[PDB]
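[1] Sequence plus experimental coordinates follow:
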Amino acid sequence: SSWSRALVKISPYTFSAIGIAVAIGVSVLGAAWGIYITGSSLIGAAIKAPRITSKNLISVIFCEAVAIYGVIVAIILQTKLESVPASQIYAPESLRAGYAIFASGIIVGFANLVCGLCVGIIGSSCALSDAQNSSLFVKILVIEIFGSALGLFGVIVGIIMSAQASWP
Amino acid sequence: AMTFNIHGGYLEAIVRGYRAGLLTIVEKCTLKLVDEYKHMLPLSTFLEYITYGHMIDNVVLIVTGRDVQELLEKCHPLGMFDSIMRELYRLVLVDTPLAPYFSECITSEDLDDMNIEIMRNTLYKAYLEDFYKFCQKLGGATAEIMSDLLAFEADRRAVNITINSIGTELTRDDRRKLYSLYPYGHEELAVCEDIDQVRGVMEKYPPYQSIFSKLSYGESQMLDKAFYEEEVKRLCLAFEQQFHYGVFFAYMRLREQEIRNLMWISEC
Amino acid sequence: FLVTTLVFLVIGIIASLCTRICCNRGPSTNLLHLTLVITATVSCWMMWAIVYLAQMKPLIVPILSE
Amino acid sequence: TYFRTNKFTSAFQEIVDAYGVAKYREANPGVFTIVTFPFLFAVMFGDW
Amino acid sequence: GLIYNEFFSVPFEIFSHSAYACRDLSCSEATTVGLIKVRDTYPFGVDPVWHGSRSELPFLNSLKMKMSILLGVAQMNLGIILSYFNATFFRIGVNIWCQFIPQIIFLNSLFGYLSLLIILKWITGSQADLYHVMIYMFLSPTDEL
Amino acid sequence: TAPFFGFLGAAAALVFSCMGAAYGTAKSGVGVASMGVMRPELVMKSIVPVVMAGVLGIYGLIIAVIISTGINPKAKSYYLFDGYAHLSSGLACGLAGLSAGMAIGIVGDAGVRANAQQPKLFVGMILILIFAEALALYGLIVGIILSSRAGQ
Amino acid sequence: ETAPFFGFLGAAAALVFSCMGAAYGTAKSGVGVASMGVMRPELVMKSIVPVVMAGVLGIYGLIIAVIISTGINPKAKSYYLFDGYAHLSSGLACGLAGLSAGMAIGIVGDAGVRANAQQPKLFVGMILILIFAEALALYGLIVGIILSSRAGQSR
Amino acid sequence: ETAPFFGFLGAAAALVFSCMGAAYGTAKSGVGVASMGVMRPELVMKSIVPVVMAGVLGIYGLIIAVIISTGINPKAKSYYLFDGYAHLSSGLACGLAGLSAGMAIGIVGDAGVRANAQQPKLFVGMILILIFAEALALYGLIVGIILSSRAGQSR
Amino acid sequence: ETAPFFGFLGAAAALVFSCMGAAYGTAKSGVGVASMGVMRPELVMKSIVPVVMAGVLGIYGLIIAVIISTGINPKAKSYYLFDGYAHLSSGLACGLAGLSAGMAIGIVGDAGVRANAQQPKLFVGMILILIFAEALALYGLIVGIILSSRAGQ
Amino acid sequence: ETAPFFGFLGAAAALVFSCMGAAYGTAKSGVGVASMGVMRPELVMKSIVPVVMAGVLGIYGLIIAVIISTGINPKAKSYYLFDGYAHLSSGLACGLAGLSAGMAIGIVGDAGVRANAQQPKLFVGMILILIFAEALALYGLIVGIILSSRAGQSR
Amino acid sequence: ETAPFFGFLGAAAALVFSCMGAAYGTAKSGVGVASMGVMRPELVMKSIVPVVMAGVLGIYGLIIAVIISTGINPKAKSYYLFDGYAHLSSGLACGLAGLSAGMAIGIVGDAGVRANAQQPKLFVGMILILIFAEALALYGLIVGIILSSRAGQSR
């Protein structure tokens, strides 16, 4: 009861800000991990032969697209912020807006992380495959592009959830 | 899964590229492969075990003397590294995985390592110790390949023992006591004194079934060639080399097989 | 109940007569057959006795679901 | 030794003998179990 | 299955018409003090009403447990009795009287109290015992009470 | 007040679904590259299993969309039952998608190797993978049914 | 009251655990089937039975989830805490049983498929093992159905 | 009020843990049988004993769960916390015993299936060991029955 | 009021832990027995001594559980917390002792199977070790009974 | 008030820890003696000393626990939380000391079995090590007895 | 107040930790000494010095426990929360110091057994490490005694 009351009495603005920051942080972390995964294979292939640098750069660009989408989502969330008035600090509208912001941020961050990991693994495999044979680069690039859609879907879901903000 | 990208990715890519590029000429190719392997310097332990594989044979050869100075001519860095006669054996007991065990198992020195047959027995014991050490480093799909190689060596030794080395005290008990499913079911080969008996013993493993076939070739050779030739023939399985896995040993084995094929080519 | 108890016993006697008529070809064979018939009759009668003693005077009455 | 097996009793005798054998004329639990096993396996699946 | 009065997961017409009849309850619910009054016991099988009733589980469970206990007692008694016949047929030593008699007597007596209690509860209708208080009586190792 | 759980359900449904979708797509993709090293033609057709794994993300995305649309606070009073139901509906869809994708990734990775070895068994691998992928569809059905219980 | 917050959670958990078990079974079954069919493509069709046997657990879990969902209706009757608790218990039991059965079926099927080409008797042995495993899933489904039905009274 | 939650949770836990133990035992036995039967057809049927020996534990657990579920009857008696605590304890004991028996039976059955290719004189010993292990399931069922019987006598 | 919620839990935990220890011992015992019987079928029957002795722990656990269940008699006396807590502690102690004894017996039997297979002359030593191990289980059962006997406040 | 909870918990913890330590020591001793039972059965008979020492340590722990339990007589004198806390601490200390001594003695015996098998002249050293190890258990028992005696000084 | 709820617990924990550390050190030293005696029975008697030196931890722990137990006496004077907290802190410090000293002495003795077996010249010299460990244990005991001396400082 008293513990439950204290839990229900937590400030929603703090949770909303935490989710907003966490979305960008997780997107950046996932993009960096995918970039490193792709870069290891790209550097190995270049050491083997520098002929496929242009083909390899596509994986890096795709990985950075996740970071770009995360940054856009973070900017949108920052735009979604309000003044947080003292009177409505515990109003139902404020609590709903904070919960929606936190949920959208968590969803965006998790989707960005998953998409970044998948893209990094796909690019790491694809660079080695291209080093084995340049004829298979087209199919590998198509597969990577198809797998990159996870981040776009997560961003779409986060944008849809962002409309729920109604902080007075 | 992410550990491969965390570390070892560049080395794995370089090894894959070198293997894909692969296909006194034999000596030159062996020297080039050894240089490529050395220039590559977690995976450090795997490389050490892979080198120790041939280093066991190199140390066994160096254990002679008896024209011992000729061992410098075959100082291939791939297997004949300097870092890898009981007084000298104790000194050589360091920097090798199988050496500490062979110090006690082969404490008789030349008495248990006579160049006629007992030297081969000591080499087989060292190979068994090295195979056990390699199998200890479990965690990857290479455990199956290592087990297959050890089984092939043990079965070839057992076949050689039953063929003619039985008169050299390589009896049924010696088929596993000195001659290096095999780690659990090698007892079936203790009574395979005939080629038909060898085929019947191989029938206990359906994958090993029909591998012996007429046994005119492969099984015809003594020492470790009988079932090792079966592994050489089936090495097309090793040619798969699925990605994101330890393939350094596979690349080394492929390079060794290519060198052996080039040597067997010789003057056409 | 007790009337049915004799009914099971009487059923075995007719079965006993049939078994004797059939297995009279073998005396030791007939002896084995009689054991099987007696065992079957006893088992069936015991099962029926359990089923009847359970519901003879129930301690708990049956309530029906809706 | 083995007790003589009839045409119908052979299957039950073989099923029971999977635990072992006895002396030339020792105890043969197959005689009772030829009907006991049907007399007990019926209960676990009683549904007419 | 004929004994169990269940045919293809469904009851049917027993040799009698209806073992238990709802005591009054022309419109009253089954769950009542009157409950169901039994005119007579159905001899062919279990009461048809009991199978589909809410109280099907407890009564059937108690009956099945009692039947299993009795059948196990009978099978153990037959197996123990076969020992004397085997000893006589093979002309075994005095070990039968030395060991087979106590072996067949100890377990028989130990299960005899439970079997006799089950029979008496079934026979005398001692509802003050039911499935549970029988074990309760068997539970106490000490005297008195 | 309770609507925090309901909002969290939609986010969890997409997050957990994509978590399994990426894992399935990664394992399927890795095998495809391995087959593409030698078998040029087989790899192009084998991409279907990767495409099948990517579909699970779409199924989770649609489920998330429905949950978001049903959390309109100003439209109807979102009582605790609606929030509890939406969170429960999302939890099943997200968890099922994660498991369904994981099996597809494990099956698909072996399937690429199997097809590269013997092309005849390609039909068999597709049949097993298609049967496994039905679990995600099964999770989608449960999600719709649970979400439909938001009447009161 | 707060009873739906537990009842719906249990209903969702049933389907979640059933799907997890089905996926765990299907992964091993597919791996074994691929390993067997690499060398003997003829027996690939016969080796697919354990896959469907494992997948049947998903259908069982879906049926249990549908029953649990239909069992809650505030517009019909006041779902007291007892009803929600019993529904959650039934869901959890069914889901855990399904997950365990799926894992066991997957392990057994993978082993049998690996041993399928060694001897044709595996075609019967693995089928028998899969049936014996699915018996546990059927028993769990029956127990869950019984618990869900008993959840309807709530005094 | 909250006691029926505890009772239903105990019954569900009993069923789930018994199912998990039976599944583990069945998976171990299936792996052993798949390994053994490749060489000889004897393991196809002559060694399928543990396959049903492990499912016997699951059947016992299902029976105990059904008994526990039938134990609760709010319309007949307003259960206090005593009934819920007793039901939960009985369910936990039954489930834990079932899991332990399942694990032990699975290990023993895998060992016996492996040894099947050895001298067949060990079949009697393996069966005896399996029966001795399965005695734990009967002991757990007896303990659960005693607890359920003592459960309803709350004041 | 909350005493039964502890006493019944203690009894169930005692039974569960005793069963777990018995199973843990019996797994190793059966593995060793199967190995010895494969190696030497002659002594397979006589090697089931640890396997048979494993069930003694389960029997003792069942007895302790029955005693604990008989301890809870609300009609006989209002169960205060002083009795329920004592019963729960006695059950926990008995279960832990049973689990420890089962693990020890499993290790001892696993060693002794190979020891007898190499040479049956160590059967006496194996039996003595098993008896010494089971002494711990006996002491635990006695302690549990003594603790349960103090339910009179 | 709630002191009997603390006292019973302390006694149970003492018994459990002592049993666990004795079990670990006995298992280590048996593992060590397994080799001596074949290498030199003549010396194997004298090799049972560490098992006896472990049993003695377990007996001492059980005796301390029994004394602690016998010290709780609520009807004779009300048990304040001070006495319960003191008894629980005494039991915990005795159990921990017994477990540590048992583990140490087990390791020592496991080493000493091979040590004596290699050379019979190491029996004196093994006996000295075992006595030194048992001294720790004796000290722990003495400390537990002192604490149990002091537990009744409250008012 | 609730002073013995912490003071007596700390007094027990001091002896518990000291016994655990002494047991670990003695076990390591005994394993080393057994190996050395197997190598050479002549050095077995002379190499028991580290084993005996490791026993000082038990004596120090017993003395600290006795002092702490004597320091609690409500009949003589009521002890506040501070009076028990200080004793608990002293006991914890003494126990942790004893455990650390025991571990260090065990490692040092395990090394020194082989060191003496190889080179008898360094055998006597190696005792410096054991002397340093004993000095560390004595310093810890002195610190604990100083902390415990403040029992009567409260008011």
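    Looks like it came in fine. Numbers count the residues shown, from 1 in each chain, chains lettered A, B, ... in the order given.
[2] so is residue E:15 in a helix, a strand, or just coil?
    Following DSSP: H, G, I helix; E, B strand; the rest coil, residue E:15 is assigned to coil.
[3] what's the spacing between it and residue B:128?
    79 Å (Cβ to Cβ, to the nearest Å). The C-beta positions use only the backbone N, C-alpha and C, and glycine is treated the same way.
[4] which other residues reach stretch B:207-214?
    Stretch B:207-214 is contacted from outside by B:181, B:195, B:198, B:199, B:202, B:203, B:218, B:219, B:227, B:230, B:233, B:234, using Cβ atoms under 8 Å, 6 or more residues apart in numbering or on different chains.
[5] start to end distance for it?
    Stretch B:207-214 has its terminal residues 16 Å apart, counting by Cα to Cα, to the nearest Å.
[6] same question, stretch B:180-198
    Stretch B:180-198 has an end-to-end distance of 18 Å (Cα to Cα).
[7] who touches it?
    With contacts defined as Cβ under 8 Å, 6+ apart, stretch B:180-198 is touched by B:124-125, B:127-128, B:131, B:147, B:150-151, B:153-155, B:157-159, B:162, B:166, B:172-173, B:175-176, B:200-201, B:204-205, B:208, B:212, B:215, B:219, B:224, B:226.
[8] thinking again about what came up before, out of the contacts of stretch B:207-214, who's nearest chain I?
    For these, the closest approach to chain I (Cβ to the nearest Cβ) belongs to residue B:181, at 15.8 Å.
[9] burial of the closest one, as a residue count?
    Other residues lying near residue B:181 total 14 when counted by other Cβ atoms under 10 Å in any protein chain shown.
[10] Also residue A:73?
    Residue A:73 has 26 nearby residues by other Cβ under 10 Å.
[11] List the buried residues of stretch E:14-21.
    Buried residues in stretch E:14-21, counting neighbours by 16 or more other Cβ atoms under 10 Å in any protein chain shown, are found at E:14, E:18, E:19, E:20.
[12] Against chain I, how distant is the first one?
    Using Cβ to the nearest Cβ, to the nearest Å, one obtains 39 Å as the distance from residue E:14 to chain I.
[13] And for the second one?
    Using Cβ to the nearest Cβ, residue E:18 is found at 39 Å from chain I.
[14] what sits against that residue?
    Under the criterion of Cβ under 8 Å, 6+ apart, the neighbours of residue E:18 are E:39, E:42, E:48, E:49.
[15] Neighbour count, secondary structure and distance to residue K:2 added to those, as TSV?
    Shown next, in TSV, are the contacts of residue E:18 (neighbours: other Cβ atoms under 10 Å in any protein chain shown; DSSP: H, G, I helix; E, B strand; the rest coil; distance: Cβ to Cβ, whole Å):
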residue	neighbour count	secondary structure	distance to residue K:2
E:39	11	coil	71
E:42	24	coil	69
E:48	21	helix	68
E:49	22	helix	64
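[16] how would you label the spatially closest residue to residue B:54 that is not a sequence neighbour: helix, strand or coil?
    Nearest in space to residue B:54, with sequence neighbours left out and distances taken as Cβ to Cβ, 6 or more residues apart in numbering or on different chains, is residue B:79 at 2.6 Å. Residue B:79 falls in the coil class when you classify it by three-state DSSP.
[17] got a list of what residue B:79 touches?
    Applying Cβ under 8 Å, 6+ apart to residue B:79 gives the contacts B:51, B:53, B:54, B:55, B:57, B:58.
[18] so where does the fifth one fall, helix or strand?
    Spelled out, that is residue B:57. Assigned by DSSP states H and E, residue B:57 falls within helix B:43-62.
[19] count of neighbours near residue E:94?
    For residue E:94, the count of nearby residues is 8 (other Cβ under 10 Å).
[20] so where do the strands sit in chain B?
    Applying DSSP state E to chain B gives no strands.
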